[PDB]
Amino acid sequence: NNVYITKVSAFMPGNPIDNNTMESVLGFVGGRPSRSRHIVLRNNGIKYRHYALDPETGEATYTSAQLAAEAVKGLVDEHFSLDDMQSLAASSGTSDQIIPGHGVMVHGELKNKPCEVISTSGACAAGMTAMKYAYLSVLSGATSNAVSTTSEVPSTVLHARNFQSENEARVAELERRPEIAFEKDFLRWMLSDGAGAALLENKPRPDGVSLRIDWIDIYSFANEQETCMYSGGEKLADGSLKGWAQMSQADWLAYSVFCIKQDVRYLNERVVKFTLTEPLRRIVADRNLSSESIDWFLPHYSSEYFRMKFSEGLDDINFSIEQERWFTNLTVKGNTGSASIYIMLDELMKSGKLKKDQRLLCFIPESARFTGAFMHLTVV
């Protein structure tokens, strides 16, 4: 009983948007430009990204459910139609609503016949917990195929309108040039929109390359790490997170409780050890891994600032992988959060660089409260 990725699909809304255009798309808070955009862009290295926003009108061009539906429809070919789907697992850190779950909204867009639909939640790793669900479904024999998909439209919550009531509130407290906290403004030049999907099957395709999933290992370090990326709440001085419904309605607006925030200094101190080295050293030992066997390393490292910090982490645990074997399109596609690993896998599989028997290691960290997800693939 084996599981193979036989088709991957990526969908980026609209056109690539360069560093000089992006602020006009995401808007000015309180009539003024962002103070730190320039150095955020310099540190993260990202040069283009996509937003599900109309360039001329600023209207939304895709809900999160539509974006995911577009990616799933990219899996359809002569070997697979939507109605063949035996199980659909979907996630989005930026779901359009709180209830219903994201997956049934995607099913509503796809309109394929009644089938099993699962939603996973969280952030960067949620696309990988959806993929592991789909993997387990086929591996166990519950189904002979499954589809996982994830989508991200943080443009919905990064646009300047998401901070207007906060700006107006500080103007009623008479401050002259109020600026939103860096913990809020920072993610606005980091996160962008994208969606991916994967078809998993219990036999490889007759022609072309398939990727056998050998395993998917996931570890949470929330038992001792604090929340680090959060929305729908506010992080307290003691490190705990206060949920939005424990705050007053007035405060939701005055503090932008529903925008995405990052405890940047805490991230910087702990992301490498508690998303990479602590889980990977466990997995290396338990599975008897050799870094020399890995032909392709696909890391979602979010920001050029962390590329070599993660590489140092691999060194510290005797699992060095030279930059020549690292594959990523972060700089050109954007940090699409949970979709990043799908947008990487999509390009590598369609590139023609893969060779039979080659081995792939996928690393998907989630700084939200420090999860590391890892997947080992073998080309067949």
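Numbering starts at 1 and follows the sequence shown.
Visitor: On mean Cα temperature factor in this entry, is 174 to 182 or 240 to 248 the higher one?
Guide: Between 240 to 248 and 174 to 182, it is 174 to 182 that shows the higher mean C-alpha B-factor.
Visitor: For the stretches 347 to 355 and 59 to 67, which has the higher mean C-alpha B-factor as given in the deposited record?
Guide: According to the PDB entry, the answer is 347 to 355.
Visitor: Out of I283, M85, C259, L136, which one has a C-alpha B factor higher than all the others in the entry?
Guide: Out of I283, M85, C259, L136, the record gives the largest C-alpha B-factor to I283.
Visitor: Among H300, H107, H79, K132, where is the Cα B factor highest in this entry?
Guide: Answer, based on the entry's C-alpha B-factors: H79.
Visitor: Split the chain's modelled residues into thirds by Cα B-factor; is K73 in the lowest, middle or highest one?
Guide: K73: CA B-factor falls in the middle third of its chain.
Visitor: State the tercile, meaning the lowest, middle or highest third, of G337 with respect to the CA B-factors recorded for its chain.
Guide: For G337, the deposited C-alpha B-factor lands in the lowest third.
Visitor: Where does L289 sit by CA temperature factor within its chain: lowest, middle or highest third?
Guide: Answer is highest: the recorded C-alpha B-factor places it there.
Visitor: Among all modelled residues of this chain, ranked by Cα B factor, put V25 in the bottom, middle or top third, i.e. lowest, middle or highest.
Guide: Highest third of the chain for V25's C-alpha B-factor.
Visitor: By the record's CA B-factor, is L200 among the lowest, middle or highest third of residues in the chain?
Guide: As the PDB entry reports it, the C-alpha B-factor of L200 lands in the lowest third of its chain.
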